[PDB]
Each structure stands twice: as structure tokens, then as C-alpha cells.
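K.L.:
One structure, pasted below without further comment.
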Number of protein chains: 2
Amino acid sequence: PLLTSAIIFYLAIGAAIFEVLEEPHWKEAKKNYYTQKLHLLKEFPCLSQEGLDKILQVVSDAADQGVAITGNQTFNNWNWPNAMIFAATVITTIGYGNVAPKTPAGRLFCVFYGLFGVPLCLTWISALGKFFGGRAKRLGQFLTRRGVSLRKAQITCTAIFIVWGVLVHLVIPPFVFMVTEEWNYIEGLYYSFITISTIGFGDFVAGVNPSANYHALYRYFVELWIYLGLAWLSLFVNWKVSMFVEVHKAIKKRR
Amino acid sequence: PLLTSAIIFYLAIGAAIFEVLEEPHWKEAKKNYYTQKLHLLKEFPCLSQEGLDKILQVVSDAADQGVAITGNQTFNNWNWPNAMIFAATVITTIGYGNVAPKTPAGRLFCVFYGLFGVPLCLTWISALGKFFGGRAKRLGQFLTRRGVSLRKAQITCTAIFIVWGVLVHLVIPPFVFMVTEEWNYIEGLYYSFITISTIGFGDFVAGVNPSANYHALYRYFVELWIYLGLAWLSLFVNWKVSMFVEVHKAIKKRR
Ligand SMILES: [K+]
Ligand SMILES: [K+]
Ligand SMILES: [K+]
Ligand SMILES: [K+]
Ligand SMILES: [K+]
């Protein structure tokens, strides 16, 4: 009852701030959509309203079948490269949703695929995490022996690790995405945080743009960066779990 | 090491089976799209190709800003009811993506909102899990004392727990969704699993349809069911960690 009574208000205030940060933009977007609707109607008096509804229905009929509304459909295709990373988005609980199964045969295969892969992959990432943590800790302790160990040395190593993670996964990438994707900084940072926390809305996906000249290995570099980010996330979350025991001990000292 | 090769083979075979399962349907979908695309121009020779491209462009502008392509647009609105459940999907790492921020001011608020809420919510769910597990094991041990305790009573109680979870979260819900949402069974089961594992593609959301006569509490009942499912998931994953620690020794019994 101590947590729910705070998270209820957390959701309330989140909604209260989102409703004012976003609603003006949504209203102006709807108004512009309807204005351009009527102005396309007046541009083609030859085209009737009840035909515009048919065109809209056709466009929405296959925008949820997989084919993109505009341009070519090479990046949302179902061939080997796209599928090998759709599998990854499935088994890392990210689930962007730009490509998803649309057949009763596949929709049922994806269930067992997730049920058998997600628990496996969440261990592989933890294994990578513990291995890299062992390497970092042995290097740090060797260099601390070459120096002097300190009661605050663990503070130094932990802070170095945390700042390494923050730099590599929230402050450096947005510039790479400014360069190769032509997003501004806020978009790149927002997308990086969304992807790292396995939220994955699916409005910003890296390496999928018909109007782009990506290098042949850009997508796989993105995927590898995502995997390393998830591994560091596992390491830091276990470290913070243990440091929470530490601080719940140290609090009684203050009493 | 040992896990990475298995993961790579898993990704390869998953990509193969997905490509063979989905590619025919995807190809026929886009072929039908292009067929009706030309059929529209056939219906309106008065309409031109470039007019069609401008219409498609205007429509593709909508799906980005958030305004829906067709029909009534109340369920994707940004008022209080939608905003509360959007904050929920943000702080449970589900992230459907049917509604998302589109302003640089909000896109940056969502980052700090997630960073401060997701670690909080992942504890509240663990708290609910541990509390319900305490209550359930308490009742089970009381009723086992009233009867007789057994060396395999853990098997009984744990299997009862697991079947309770599976039933209430993957086998019963699809019928409720058959009734109130008019999906078939495979869609409902797929959606239930993909929501329980915090994947959340965002093609099936329960409670958003302009052509619906939902009851005023349907959406919040769905959200509460989702939260209880996540709590049971926490309980079961902790149980799995414990039983796996157990079997890592129990294997030597077979040796
Ligand atoms: K997730
Ligand atoms: K997710
Ligand atoms: K999504
Ligand atoms: K998602
Ligand atoms: K989506």
C-alpha cells in the first residue's frame, strides 16, 4: 500500500502534464488534416466526398497489412535480413511493431517463438553482462593494486562504470544519428532511451528509410550496439539491486 | 561462449521460418494494394497519378502526427483517460505506440518520466507479486497442515500456481476478447501473450475502437488485468530462478 498510493498520483500527474504538453499539437494536426481534406475536395470537384472515403479506406486497408503507404517497400519486406532482426526485436521484449505477423499460422508461431526465446535471450544478455563485469573488475582491481586501494575506490569504479554507460548509450549516439539519419538531438536521445529500456514505441527505427544511402553493415552495427546496451543495463541493474541492500543497511547508521 | 552460438542459430532458424510463413501473404498484400491503386486511376481517369501521390502524401502526414486516417478519432485523443493509460504503457515497458509524443518539449519529458517511473514501477509489481505469493503460500501451507504435508507438496502447490497463471492469462482471456472485441481465438491468444511479456507490438490494443459500444469500465478492467498478469509474471520468474538454482544441484543427483 506504500507504493500504489504513490504510483496512482504518479500516473495522475503524468497524465496531467502530457495532456497539456501534447493536446495543442494534436488539435492543430487534426485541424490541418481536415483543412487539407476539404481543400483536396475543392481542388478536385471532379472527385466526390464519397470517393475520398473510398480512397482513404483503400489506403487504411493495407497500411495495416504490411505494405507501406508511400514509396517502395524494401525495408519493411519479409526477406532474410529484415526477418533476422525482427526475430531480435521479438526476443528482446522491444517489439517495435513496424513489421509483425499477419497470418493465423505465423501469429501462432510467434507465440511459441517468444515463449521459448525470450527466457533464453534474457540469460545470454545476463551472461554477457557478468563476463564484461568480470573483465572490468579485474582490470580495475589490478590497476588499483598498482596504485593504492581506498575505502572510496569502489565509489570511483562504480561512478566510472555508470558514466561510461550514460555516455555510450545516451549522449554519444544522438550525434551519430544526427549524421547518418538526419534527426535533431532530442529525437535521437528520445529514441536511444526508448530503445535501451526495451520500450520500443516504433515511431523511430534506425536503419529503415527508403530515402537513405546507408552502408551495408549499418543495421547490424545498430543491432550490436543495442545488444551491448542491454548487457550494460543488466550489469547496472544488478549493481543497483545490491547497492539498494547496501543503502538500506547504511540508513540505520543515520538513525 | 556457449549461449551466443545457440542464440545465432535461433535467430537464423526463426528468420527462415518467418520468411517462409509470411512472405507469400506480404507479397499478395502489396500486389492487391497496387492493383486497387491502378483500379482507382481507372475509375477516375479525371484523376491523375500525381494527384494520387499528393493524396497518399497528405494521408501519410496524418499517421505521423497522430491523427487517425479514417473514422472517429476519440480513442487516440490526448485527454485524461487516454493519457493515464499511455503513462501506464510507458512505465510498464510495454510501449504499444498507438499514441506517442510528437513535440520536442514532450519527447524530452517522456525520457525523464520513463527514467524516474520505470524503476519505481518494476518494484511495485514485484511488491504485489511477493505479497500475493505470501498470501497464497500461507493459505496453501495452512490447508496442507489441516491435511498432511508431503515431500512433493511443493510440486502440487507450484503446479497449481503455474496452471492458475496459464489459465487466467492465456486460455480464458481470448474468449472474453472473442465476445467484447470480435477477434477470433488466435488473435486473442497472440495479443494476450504479447502483452503479458511486455513486448507490445501495437497492432492489437484492447479497448480502442470507434466502432464499439464498450462499457465505461472495460478499459480500466483491462489495465488491472494487465497489472495482475505482470505481478504473476514476476512471481513466476522468481520461482523459475529458484527452481533453476535447485536443479543446478539436482543434476548431480543423476550423476
Ligand atoms: K519490455
Ligand atoms: K516493449
Ligand atoms: K511497440
Ligand atoms: K513495444
Ligand atoms: K506501431
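Identifiers in this document derive from the order of the C-alpha cells: chains are assigned A, B, ..., residues are numbered from 1 separately in each chain, and ligands are numbered from 1 in order of occurrence.
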Output as a ChimeraX atom specification the set of chain A residues within 6 Å of chain B, with distances taken over only C-alpha atoms.

P.N.:
/A:3,11,15,19,21,23,30,67,78-79,83-84,93-97,124,199-201

K.L.:
With N, CA and C atoms retained, could you export that selection as an mmCIF file, in the first residue's frame?

P.N.:
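The resulting file, out29.cif, is shown below:
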data_model
loop_
_atom_site.group_PDB
_atom_site.id
_atom_site.type_symbol
_atom_site.label_atom_id
_atom_site.label_comp_id
_atom_site.auth_asym_id
_atom_site.auth_seq_id
_atom_site.Cartn_x
_atom_site.Cartn_y
_atom_site.Cartn_z
ATOM 1 N N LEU A 3 3.477 1.761 -2.012
ATOM 2 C CA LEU A 3 3.893 2.046 -3.379
ATOM 3 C C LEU A 3 2.721 2.460 -4.262
ATOM 4 N N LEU A 11 0.871 8.385 -12.001
ATOM 5 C CA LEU A 11 0.124 8.312 -13.251
ATOM 6 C C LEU A 11 -0.755 9.540 -13.434
ATOM 7 N N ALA A 15 -0.303 12.077 -16.592
ATOM 8 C CA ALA A 15 -1.395 12.416 -17.496
ATOM 9 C C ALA A 15 -1.662 13.914 -17.498
ATOM 10 N N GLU A 19 -1.254 15.846 -21.022
ATOM 11 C CA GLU A 19 -2.454 16.431 -21.602
ATOM 12 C C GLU A 19 -2.256 17.879 -22.024
ATOM 13 N N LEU A 21 1.081 19.188 -22.581
ATOM 14 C CA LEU A 21 2.264 19.255 -23.432
ATOM 15 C C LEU A 21 1.961 18.830 -24.863
ATOM 16 N N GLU A 23 -1.691 18.069 -26.230
ATOM 17 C CA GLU A 23 -3.010 18.313 -26.811
ATOM 18 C C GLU A 23 -3.062 19.470 -27.801
ATOM 19 N N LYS A 30 -5.026 17.701 -36.202
ATOM 20 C CA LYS A 30 -6.354 17.313 -36.669
ATOM 21 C C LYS A 30 -6.984 18.411 -37.519
ATOM 22 N N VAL A 67 2.180 -3.469 -46.190
ATOM 23 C CA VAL A 67 2.718 -2.615 -47.242
ATOM 24 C C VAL A 67 2.665 -1.162 -46.795
ATOM 25 N N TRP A 78 9.791 -8.872 -46.058
ATOM 26 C CA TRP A 78 9.834 -10.052 -45.206
ATOM 27 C C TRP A 78 10.954 -11.017 -45.569
ATOM 28 N N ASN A 79 11.975 -10.565 -46.290
ATOM 29 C CA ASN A 79 13.064 -11.450 -46.674
ATOM 30 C C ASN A 79 14.027 -11.660 -45.508
ATOM 31 N N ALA A 83 13.975 -10.220 -41.521
ATOM 32 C CA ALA A 83 13.459 -11.226 -40.601
ATOM 33 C C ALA A 83 14.449 -11.519 -39.484
ATOM 34 N N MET A 84 15.746 -11.495 -39.794
ATOM 35 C CA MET A 84 16.741 -11.854 -38.788
ATOM 36 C C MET A 84 16.793 -10.821 -37.668
ATOM 37 N N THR A 93 12.096 -8.328 -26.071
ATOM 38 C CA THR A 93 10.936 -7.648 -25.480
ATOM 39 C C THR A 93 10.860 -6.180 -25.887
ATOM 40 N N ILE A 94 11.497 -5.822 -27.001
ATOM 41 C CA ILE A 94 11.366 -4.461 -27.505
ATOM 42 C C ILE A 94 10.085 -4.320 -28.309
ATOM 43 N N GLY A 95 9.935 -5.122 -29.355
ATOM 44 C CA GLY A 95 8.697 -5.120 -30.098
ATOM 45 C C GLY A 95 8.339 -3.762 -30.656
ATOM 46 N N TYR A 96 9.103 -3.290 -31.638
ATOM 47 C CA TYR A 96 8.756 -2.035 -32.289
ATOM 48 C C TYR A 96 7.375 -2.111 -32.925
ATOM 49 N N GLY A 97 7.189 -3.023 -33.871
ATOM 50 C CA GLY A 97 5.901 -3.196 -34.497
ATOM 51 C C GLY A 97 5.788 -2.660 -35.902
ATOM 52 N N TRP A 124 21.357 -14.993 -21.979
ATOM 53 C CA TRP A 124 22.522 -14.647 -22.789
ATOM 54 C C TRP A 124 22.995 -13.232 -22.490
ATOM 55 N N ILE A 199 11.405 -0.383 -24.351
ATOM 56 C CA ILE A 199 10.043 0.106 -24.528
ATOM 57 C C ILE A 199 9.681 -0.023 -25.998
ATOM 58 N N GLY A 200 10.422 0.663 -26.859
ATOM 59 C CA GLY A 200 10.243 0.481 -28.284
ATOM 60 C C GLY A 200 8.859 0.824 -28.789
ATOM 61 N N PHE A 201 8.497 2.109 -28.774
ATOM 62 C CA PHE A 201 7.224 2.516 -29.357
ATOM 63 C C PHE A 201 7.128 2.078 -30.810
#

K.L.:
Running DSSP on the backbone, which parts of region 87-203 of chain B land in helix (DSSP H, G or I), as a PyMOL selection string?

P.N.:
chain B and resi 87-91+104-146+153-171+173-181+185-196

K.L.:
With a distance cut-off of 9 Å and only C-alpha atoms, select the neighbouring residues of residue 161 (chain B), excluding the residue or stretch itself and same-chain residues fewer than 5 positions from it, and output the selection as a list in words.

P.N.:
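Result of the neighbour search: residues 136, 156, 166 and 236 of chain B.
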
K.L.:
Which one of A:139, A:228, A:176, A:122 sits closest to ligand 1 if you count only C-alpha atoms and all ligand atoms?

P.N.:
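The shortest atom-to-atom distance to ligand 1 comes from A:122.
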
K.L.:
What does the distance between CA of residue 179 (chain A) and CA of residue 222 (chain A) come to in Å, to one decimal place?

P.N.:
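Interatomic distance here is 14.0 Å.
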
K.L.:
Calculate how many Å separate CA of residue 134 (chain A) from CA of residue 221 (chain A), rounding to one decimal.

P.N.:
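Atom-to-atom, CA of residue 134 (chain A) to CA of residue 221 (chain A), that is 24.3 Å.
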
K.L.:
Find the distance between CA of residue 208 (chain A) and CA of residue 49 (chain B) and write it in Å to one decimal.

P.N.:
26.0 Å
